[PDB]
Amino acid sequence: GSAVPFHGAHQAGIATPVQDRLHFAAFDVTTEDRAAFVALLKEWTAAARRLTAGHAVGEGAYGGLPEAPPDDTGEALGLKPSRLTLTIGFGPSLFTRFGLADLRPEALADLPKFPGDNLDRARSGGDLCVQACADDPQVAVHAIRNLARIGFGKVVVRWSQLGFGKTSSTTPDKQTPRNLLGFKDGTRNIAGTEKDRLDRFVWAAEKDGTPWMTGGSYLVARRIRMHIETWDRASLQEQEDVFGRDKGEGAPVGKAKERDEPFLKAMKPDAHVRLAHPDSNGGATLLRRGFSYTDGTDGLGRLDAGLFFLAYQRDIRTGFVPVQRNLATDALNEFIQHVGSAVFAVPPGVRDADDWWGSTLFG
């Protein structure tokens, strides 16, 4: 239930070990006052420092003036930090505001349209995002609820997503979690200890073209519905052939152990792993950081479930875009549908107690 340090060269919640739970919110900005938006960023940063240490925001959750609404809504009283991280990103639509147009990063690329997509516009996009991850869902929900509340009048929640369980790993020494298709997801990712690979594939560098984003990263989010009925009547072999790994151990086809290296020519040519692997994509590599979701039933007698896919990369054009384009013939396509999308530029870290989210962008 320990704390993850909030300050750094980088924002936490990226290279950080992946926590069990997610509460992801996309916000739209409803103020045209740049000073008022800067004030909100600083208030949010102050709140995030309290939240990530397990403390109540502002003057607390009780013991103020009886006639005042409490500054903190109280539902995380008595809980631990629970490895809460709070990661902010700026969507491309933000840059149309506050005189920011010339500061939109080129690496913050709008995605192309992909075959098969049915994107819900209402649950897509956003001027900004906050990714809350924690081992306790109440802790994550408290954090989002309180940031939204602080932002009342200046931002609104466009759309949100709860992730009930992780489907990703930045810690290859630890058990790889399974997605709702029953396969381990995150075996060949990027570990938080692999500083060279993080610098190569995840962190923006000044020389890339956008100084304010040095030490930041770029995020793609995709809400991916799973066709659970269709998958569950597939044979074991068909399932394994879809991925290129066996189900129980998660080893590449033909191999004994999960972490043995793929031999891609032994996989079907439309196997997900074969198509996704960096060696199939000119070296393109991602830090995947997604979670499973369920959002009731579909009105047709079935559970509604999926995977909320999150990828961090140094440049959207060299990371998600080439990989996803290469999945055009993926065997997995028969079992999924992308139904939500958004991109964000995730700024560098909050250096110390005097810094604030977005300071390098806004000055």
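Numbers follow the displayed sequence, beginning with 1.
Here 28 to 36 and 323 to 331 are compared by their mean Cα B-factor, and 28 to 36 comes out higher.
Per-stretch averaging of Cα B factors for 216 to 224 and 67 to 75 places 67 to 75 on top. Per the deposited record, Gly116 carries the highest C-alpha B-factor of all listed residues (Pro177, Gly182, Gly116, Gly290). If you compare the C-alpha temperature factors of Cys129, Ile190, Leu84, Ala205 in the entry, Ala205 comes out highest. Among all modelled residues in its chain, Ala143 ranks in the lowest third by Cα B-factor. In this PDB entry, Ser169 carries a Cα temperature factor that places it within the lowest third of its chain's modelled residues. Looking at the C-alpha B-factors along this chain, the one for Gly244 belongs to the middle third. Per the deposited record, the Cα B-factor of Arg97 falls in the highest third when ranked against the other modelled residues of its chain.
Per-chain ranking of the deposited C-alpha B factor places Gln337 in the lowest third.
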